[PDB]
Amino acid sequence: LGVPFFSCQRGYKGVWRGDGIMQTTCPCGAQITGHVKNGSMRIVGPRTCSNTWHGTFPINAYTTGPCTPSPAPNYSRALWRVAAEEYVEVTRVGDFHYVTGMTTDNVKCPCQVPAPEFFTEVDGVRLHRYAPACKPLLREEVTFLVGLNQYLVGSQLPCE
């Protein structure tokens, strides 16, 4: 049962790539419409959805339309999907990035981070339509694989 405000997903507010009409459903039940033109989204929604009031658009498995978010480069943390059902948590310090969490020990991730629009989530905001459930993040005494080498959790990504 969707409930106003308490059920609401934290939506995206920012630059969009592509123009047209976006459509989504907030977990509260609200249908949110985004009118996108020149990188900017105008939000239409009901009074009962936190997204309507914040001017945000909750991206999820029920999002449709031609546009995609282009997230701001000043993010702190991101969820990066590195295998079919596995995630690494990326922490951005300056221009450097660190794997600070993972869903399973010895998860293999690419040696460099992609552009932020390839992240599943940035600072708690979902960016992708399909995304597997994130398992609880392991942040202690775990390692990740890059090729043949093992790196300790908190390590910088090999290529930087």
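The numbering used is simple: start at 1 and walk along the sequence shown.
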item: Between the two ranges 46 to 54 and 91 to 99, the one averaging a larger CA B factor in the entry; value: 91 to 99
item: 102 to 110 versus 61 to 69 - which carries the larger mean C-alpha B factor in the record; value: 102 to 110
item: CA B-factor placement of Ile21, once the chain's modelled residues are sorted into thirds; value: middle
item: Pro136 - which third its CA temperature factor falls in, relative to the rest of the chain; value: middle
